[PDB]
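As a starting point, one isolated chain is supplied in structure tokens, in the form deposited in one PDB entry.
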């Protein structure tokens, strides 16, 4: 008794008429739903009118001043890492917070300056500064280039949000992103070492910069101020055990101002800007083609990190974050502020962690931080003068510590997925050495190739029956399975295609007869059926269809029957389209391994 399943009728509707009908059903021209899109595009007018202030005002207000003071050195630093004046980091943070409060659904994430992104902006800035030469007084050209790159990144992000092409985010694996952030953290530490030691080594760019910078540091170690070094050592000793950062920076600034440490030729930040808020300057609009390629990566890593963090903190509690709206928000946190003097913004884990430790479920707290920043941007900025600039490096290293600790999870990573660990290590090496962008590209492709390698050398085994059941499983992995003689079931856990067709043939020949050599031996001068378990064969390429046909023909030439079992509907469709089973030949494809085994047993009898 053979199975006689009947296939369902395929849908005849495949033209664009049905697509147009379903697009109209989607109501592109939506009456009375334009308010919904306005509310969807402006989440701010959805929870502020329904704000439970009596239960969250204290939480939002609390630690907002601490976070704002805590966002203060981060800006004066990463701006320096980005090749920008310190006031530009403050502008970036304030504008990012204010705009994300307008457009934002995570309600727990901390948008603003991201170290990895600032390192990448810095690379593009220095390249354009050199390609140009070093009323653009160096810093003016730097901020112009940074704002242009930010505008391009925001345009790309909003285009990906509108075109619904955000699925590219799936190509950035969590392990690959962790490796990239670790490598970028190593690069940031190497860059900040020069400020930590007080040297004046030249700008190093290109593949191997990390090594060039370290070599320069070693070469110029004798030109050590020994004052900034002492301050940095004390700050590292105090902050390594880990509000501590705010106290440290306040005490360091007070000591530097009182003792006049600059008399020892101590490098310090300058009077960057007064209350300021200078009138906005439009982007270059002519330099836009030159720095588009870098903006590609900046936009991707920016939106990938933001979406990942927002989804994580939404699924933690009250998951109501829309991916497309966060696309639009992170895009507009890089378009409107780029009209002003700001660089790219993204979610920062080290500062979101600070708000998570002390805070509540209200985005209004970010506004408070902005207000604090605004206050810092109005009258408290001169109070930040006379910073030792070694405390800045200590403050950057301490924050990176979060990403640098990932090396302690390598034994745990290995004990779960070896190839994921290898991808992580390769991405970390390619980001630390080589280039940050080149490192990301190397990581994304190596992960895709690892998926190709996993396919390339797959598992292949013989199947045995489980006693008193209709279950077949690998003999090479399980024990005490009945294997009747003259029938050998071969399971090949992989898609059969151009990459692994040779491996499939070699494994089948090694475990069963290898009919080619037998045929040549017969021409010069036990087994009767073989069942191929196609349950794990995901798809079939033209090579796979040809390989299966060749296998069947070569085995039938000797006299060994070949039966295919548990084929997918798509695999069966490919086999019928590939002209494998001829027309109504029958007894060639089976719906289960048990059915094929029973048929093979009956055929000999």
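Throughout, rigid core stands for the largest set of C-alpha atoms superposing within 1.5 Å between the two forms. Numbering follows the first chain given and starts at 1.
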Residues with no coordinates between residue 525 and residue 526, taken from the deposited sequence as a class:
10 or more
Note how many residues of the deposited chain are left out of the model between residue 242 and residue 243; the options are none, 1 to 3, 4 to 9, and 10 or more.
10 or more
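The form deposited in another entry exists for this protein as well; it is not shown, and the discussion that follows is about that form.
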If you fit the two forms on their rigid core, which residue out of 484, 454, 260, 459 shows a CA shift of at least 2 Å between the shown form and the other one?
260
Does the C-alpha of residue 273 move 2 Å or more between the shown form and the other one once the rigid core is lined up?
yes
Compared with this form, is the residue 342-residue 272 Cα separation smaller or larger in the other entry, the difference being 3 Å or more?
farther
Kindly indicate if, in the other entry, the C-alpha atoms of residue 265 and residue 142 are closer or farther apart than in the structure shown, bearing in mind the change is 3 Å or more.
farther
